[PDB]
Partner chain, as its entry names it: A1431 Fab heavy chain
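What follows is one chain in structure tokens, specifically the form solved without its partner chain.
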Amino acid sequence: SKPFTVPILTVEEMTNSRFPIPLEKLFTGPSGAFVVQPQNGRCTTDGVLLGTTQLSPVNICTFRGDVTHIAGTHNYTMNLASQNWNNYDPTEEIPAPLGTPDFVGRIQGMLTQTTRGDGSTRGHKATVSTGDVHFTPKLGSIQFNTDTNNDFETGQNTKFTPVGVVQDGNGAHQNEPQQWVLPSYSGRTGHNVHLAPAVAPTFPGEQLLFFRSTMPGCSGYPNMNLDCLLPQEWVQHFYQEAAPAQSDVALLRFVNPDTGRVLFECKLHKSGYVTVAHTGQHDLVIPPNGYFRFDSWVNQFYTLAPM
């Protein structure tokens, strides 16, 4: 059987699987009080993609299609196409199109468009509110708020490139986005289906280990923390290697190459997430050259050395 491995990349060399930005740090905390069910950055160790997960880091939270102006507003409806401009297929047993945002919040970026006939182009700042009634990506349509009411043409290829998140209103600082609340992919009365499972520690004294980034902020006082369960590079690695899982738990050691010494160990669960033995919120202190190393498959009863 093909030996299992994880990439030798450092944390700072890797990319968040839930938004197109670099990883910054490792974080652990208790998660009993919310549902950890992200749909991006979901992949089994033997390379089966889950949820809305796809391979391209730059396609996360991007949208493509044609747009139509909503009269009397600066809003546009985007009729979604697939990433390669084929028809979007809503009948696939996935929660939403691959790469769809998996948090409730307002994502700002740019809408860009090319007119096929003459190659004329245009671009405008735009925001999609993934919590609003018009956000129905599973059904094939979403709405953008823009700074124009007449520039975008109908029947022309249009792309949304995400940049960051916004916050405003009378609510408390950092009250949005809500990274652990999935959008309603089929809108307000709809129910999400075909979801990658919720994850939770199941061994005494363990917590999830999160791969954390800080999302760019574009206005107000947003909560910019974004935690993923797997680096995008791990998703890409497992998909290609497709190494058989010899047990349900892979033991990883985090190693300092300058000394060769193990800083901590963690469990990489076959279904695609990581736990450590720790209690409480903690920003991990690591050497920037540190990296993860697979050491062995263990059984369900293995007790981690405290982090």
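Residue numbers count along the first chain shown, from 1. Rigid core (definition): largest C-alpha set, two forms, superposition within 1.5 Å.
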> Fit on the core, then compare CA atoms: does 184 to 192 or 116 to 124 lie farther from this form in 5 other deposited structures of this protein?
Replying inline: 184 to 192
>> Which of the two stretches, 9 to 17 versus 294 to 302, has its Cα atoms farther on average from this form in 5 other deposited structures of this protein when everything is superposed by the rigid core?
In response: 294 to 302
> Which has higher Cα B-factors on average according to the PDB entry: 131 to 139 or 182 to 190?
Replying inline: 182 to 190
> Per the PDB record, is the mean Cα temperature factor higher over 222 to 230 or over 147 to 155?
Replying inline: 147 to 155
> Highest Cα B-factor in the deposition, which of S31, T62, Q54, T44?
Replying inline: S31
> Highest Cα B-factor in the deposition, which of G117, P216, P95, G105?
Replying inline: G117
>> Test of reading the entry: by CA B factor among the chain's modelled residues, which third contains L284?
In response: middle
> By its CA B factor, does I21 count among the lowest, middle or highest third of the modelled residues in the chain?
Replying inline: lowest
> Relative to the other modelled residues in the chain, which third contains the C-alpha temperature factor of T161: lowest, middle or highest?
Replying inline: lowest
> If you rank the chain by CA B-factor, which third does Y76 end up in: lowest, middle or highest?
Replying inline: middle
> So where's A200 on the chain's Cα temperature factor ranking, which third?
Replying inline: middle
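Form deposited with its partner chain bound: not shown, discussed below.
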>> To verify the annotation, which of these, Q174, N79, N149, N192, has a non-hydrogen atom within 4.5 Å of its partner chain in the entry with it bound?
In response: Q174
> Considering its partner chain in the entry with it bound, which of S184, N223, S141, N75 comes within 4.5 Å of it through any heavy atom?
Replying inline: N223
> Out of the stretches listed (67 to 75, 130 to 138, 197 to 205, 166 to 174), which one is close to its partner chain in the entry with it bound, meaning heavy atoms within 4.5 Å?
Replying inline: 166 to 174
> Taking heavy atoms only, is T100 within 4.5 angstroms of its partner chain in the entry with it bound?
Replying inline: no
>> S213 versus its partner chain, in the entry with it bound: is there a non-hydrogen atom within 4.5 Å?
In response: no
> Taking 4.5 angstroms as the cut-off for heavy atoms, does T154 touch its partner chain in the entry with it bound?
Replying inline: no
